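Trainee: The structure is given below, and queries will be raised subsequently.
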Amino acid sequence: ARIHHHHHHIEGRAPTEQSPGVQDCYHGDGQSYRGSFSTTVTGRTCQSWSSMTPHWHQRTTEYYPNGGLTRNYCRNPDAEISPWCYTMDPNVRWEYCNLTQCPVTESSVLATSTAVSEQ
């Protein structure tokens with residue numbers, strides 16, 4: 001019925017795609033993600049945490065809803081700089097997803113106690 005192109009991956013320039021491609025973001029340390037961005041920094045896909053086929057590992061988030069990242073959703077169960085997850089590819093054990101400190105301009109921050117400038 002429908003299938004994404006299966007020929008080239010960087011249909012843009014010869015060497016590399018000039019414009020920016022995938023570039024998600026996160027608030028805090030991947031803790032405020034609240035999104036199932038199953039995309040790894042390499043463009044891979046967050047393999048289901050409960051995936052015992054390729055890379056096997058105990059203590060999954062599928063058995064721990066306290067995280068909110070079940071299935072192939074990418075999240076940060078360690079509160080590290082950002083969320084990460086196993087990849088559906090056996091060539092990539094695991095990796096961080098394309099997250100970054102959401103550098104937005106809108107207000108977003110609902111707190112106005114102290115103000116920080118140039119910091």
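Following the order of the structure tokens, chains are lettered A, B, ..., residues in each are numbered from 1, and ligands are numbered from 1.
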Residues of range 51-108 of chain A within 7 Å of range 29-33 of chain A: nearest atom pair and distance (Å, one decimal) for each, counting only C-alpha atoms, sorted by chain and number, as a tab-separated table?

Mentor:
```
residue	atom	partner	partner_atom	distance
A:75	CA	A:30	CA	6.7
A:76	CA	A:30	CA	5.4
A:79	CA	A:29	CA	5.4
A:80	CA	A:29	CA	5.6
A:81	CA	A:29	CA	4.6
A:82	CA	A:30	CA	4.0
A:83	CA	A:30	CA	4.7
```

Trainee: Those same residues, written as a PDB file, in the first residue's frame with C-alpha atoms?

Mentor:
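Here's the written file out-v3.pdb:
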```pdb
ATOM      1  CA  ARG A  75      13.166   7.491  26.970  1.00  0.00           C
ATOM      2  CA  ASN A  76      15.748   8.254  29.688  1.00  0.00           C
ATOM      3  CA  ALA A  79      17.797  10.912  33.794  1.00  0.00           C
ATOM      4  CA  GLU A  80      21.127  11.289  31.950  1.00  0.00           C
ATOM      5  CA  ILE A  81      21.809  14.169  29.528  1.00  0.00           C
ATOM      6  CA  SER A  82      19.055  12.609  27.384  1.00  0.00           C
ATOM      7  CA  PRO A  83      16.977   9.490  26.792  1.00  0.00           C
TER       8      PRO A  83
END
```

Trainee: Name the closest residue to residue 91 in chain A among the candidates A:35, A:20, A:12, A:54; distances are taken between atoms, counting only C-alpha atoms.

Mentor: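 Among the listed residues, A:54 lies closest to residue 91 in chain A.
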
Trainee: Please return as a list in words: the residues of range 21-100 of chain A that backbone DSSP assigns to strand (DSSP E).

Mentor: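 The strand (DSSP E) residues within range 21-100 of chain A come out as residues 84, 85, 86, 94, 95 and 96 of chain A.
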
Trainee: Taking only C-alpha atoms into account, which of A:111, A:101, A:24, A:63 comes nearest residue 36 in chain A?

Mentor: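 Residue with the minimum atom-to-atom distance to residue 36 in chain A: A:24.
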
Trainee: Report, in Å to a single decimal, how far apart CA of residue 15 in chain A and CA of residue 37 in chain A are.

Mentor: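 Distance reported for this atom pair: 27.2 Å.
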
Trainee: Find the residues around residue 87 in chain A up to 12 Å (only C-alpha atoms counted), leave out those fewer than 3 positions away in its own chain, and share them as a count of residues only.

Mentor: 32
